[PDB]
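# Structural overview
Chain by chain, the residues run as shown.
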Amino acid sequence: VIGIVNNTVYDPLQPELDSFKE
Amino acid sequence: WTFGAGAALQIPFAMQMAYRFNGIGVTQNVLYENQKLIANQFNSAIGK
Ligand SMILES: *[C@@H]1O[C@H](CO[C@@H]2O[C@@H](C)[C@@H](O)[C@@H](O)[C@@H]2O)[C@@H](O[C@@H]2O[C@H](CO)[C@@H](O[C@@H]3O[C@H](CO[C@H]4O[C@H](CO)[C@@H](O)[C@H](O)[C@@H]4O)[C@@H](O)[C@H](O[C@H]4O[C@H](CO)[C@@H](O)[C@H](O)[C@@H]4O)[C@@H]3O)[C@H](O)[C@H]2NC(C)=O)[C@H](O)[C@H]1NC(C)=O
Ligand SMILES: *[C@@H]1O[C@H](CO)[C@@H](O[C@@H]2O[C@H](CO)[C@@H](O[C@@H]3O[C@H](CO[C@H]4O[C@H](CO)[C@@H](O)[C@H](O)[C@@H]4O)[C@@H](O)[C@H](O[C@H]4O[C@H](CO)[C@@H](O)[C@H](O)[C@@H]4O)[C@@H]3O)[C@H](O)[C@H]2NC(C)=O)[C@H](O)[C@H]1NC(C)=O
Ligand SMILES: *[C@@H]1O[C@H](CO)[C@@H](O[C@@H]2O[C@H](CO)[C@@H](O[C@@H]3O[C@H](CO)[C@@H](O)[C@H](O)[C@@H]3O)[C@H](O)[C@H]2NC(C)=O)[C@H](O)[C@H]1NC(C)=O
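A few points on the structure. (Residues numbered from 1 in each chain as written, not as in the entry; some residues may be left out. Chains lettered and ligands numbered in written order. Part of a larger assembly, values for the part shown. Heavy atoms only, no water.)

## Some thoughts on the environment of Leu9 of chain B
How we decide: Helix and strand definitions here come from DSSP, where helices need a minimum of 4 consecutive H or I residues and strands a minimum of 2 consecutive E residues; each element is numbered from the N-terminal end. For every residue, the accessible area (1.4 Å probe, protein chains only) is compared with the maximum for its type, and the residue is labelled buried under 20%, exposed over 50%, or partly exposed between those bounds.
Inspection of the secondary structure assignment puts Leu9 of chain B in the loop between α1 (2–5) and α2 (13–23). Looking at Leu9 of chain B, the relative accessible area reads 55%, which means it is exposed.

Now the structure itself:
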């Protein structure tokens, strides 16, 4: 890609996975 | 097309093309993956 920029894409599943881990 | 339908808006030209491919049922990722190649075809075409 030309002009792409840095950023982080949040994951909706992650918090449930983290809580499920706990 | 925005200027036609209302207030003229700023938009990078590459962004325009992305929509147009999306207009014809083509995922915009194709364009960016081949922006350079597409440009040359367009540039060559206008010359021909
Ligand atoms: C957008 O994301 C890109 C991915 O990296 C993320 O973003 C950077 C800013 C960091 O925050 C990083 O933590 C993130 O994950 C980022 O591109 C480059 O990302 C890496 C780490 O992710 C950083 O080092 C770069 O590595 C790549 C690949 O590594 C191999 O090749 C290099 C080439 O030299 C080797 O040095 C390595 O040991 C590996 O074998 C390199 O392609 C890249 O090249 C730059 O550095 C080299 C060496 O100094 C120079 O010769 C080049 O001219 C480049 O300056 C890096 O070495 C690094 O943070 C980041 N590169 C740069 C220049 O910042 C990108 O920067 C982010 N921002 C954008 C795209 O605007
Ligand atoms: C989808 O359709 C398009 C049609 O345009 C293809 O792009 C064209 O592909 C042809 C064949 O490669 C290109 O014709 C060549 O152009 C070269 C100059 O520009 C680049 O062209 C190719 C990209 O296609 C690059 O790989 C190449 O390295 C160049 O950077 C010429 O140099 C070529 O000459 C060849 O033969 C001579 C003599 O044998 C060798 O010395 C050369 O090294 C080279 O091997 C050739 O004329 C054409 O230019 C491309 N279009 C445009 C605008 O550039 C896509 O490839 C195609 N994609 C898929 C997946 O099918
Ligand atoms: C969008 O327009 C801006 C107009 O400035 C472009 O920024 C400029 O782009 C040129 C060519 O890439 C840069 O020149 C080179 O930059 C590198 C990296 O900094 C440097 O090492 C070289 O010596 C040379 O100066 C120029 O710096 C840059 N100017 C800025 C950031 O102020 C931009 O590239 C354009 N982006 C797209 C997708 O078209």
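## Quick word on the packing of aromatic side chains
Residue and element names in this part refer to chain B. Selection rule: Here a pair means two rings of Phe, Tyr or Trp (six-membered ring of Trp) with centres within 6.5 Å. Their orientation is stacked below 30 degrees between planes, edge-to-face above 60, and tilted elsewhere.
Tallied over the entire structure, the rule returns one aromatic pair over all chains. Judged by centre distance (5.8 Å) and plane angle (25 degrees), the ring pair of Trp1 and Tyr19 falls under stacked. Here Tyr19 lies in helix α2 and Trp1 lies in the segment before α1, a separation of 18 residues in the sequence.

## Observations regarding the layout of surface pockets
Residue and element names in this part refer to chain B. Condition: With a 1 Å grid laid over protein atoms only, a set of points is called a cavity when a 1.4 Å probe fits there but cannot get out and a pocket when it is open yet has protein on both sides within 12 Å along at least five of seven lines; lining residues have an atom within 4 Å of a point. Grid points are joined across faces, edges and corners, and a volume is the space filled by probe spheres set on the points.
The volume enclosed by the largest pocket comes to roughly 240 Å³. In terms of lining, the largest pocket is formed by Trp1, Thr2, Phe3, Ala8, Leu9, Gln10, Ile11, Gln16, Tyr19 and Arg20. At the level of secondary structure, the elements contributing two or more residues to the lining of the largest pocket comprise α1 and α2. For the lining of the largest pocket, the element with the most residues is α2, which contributes three residues. Lining the second largest pocket are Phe13, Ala14, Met17, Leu31, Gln35, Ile38, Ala39, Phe42 and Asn43.

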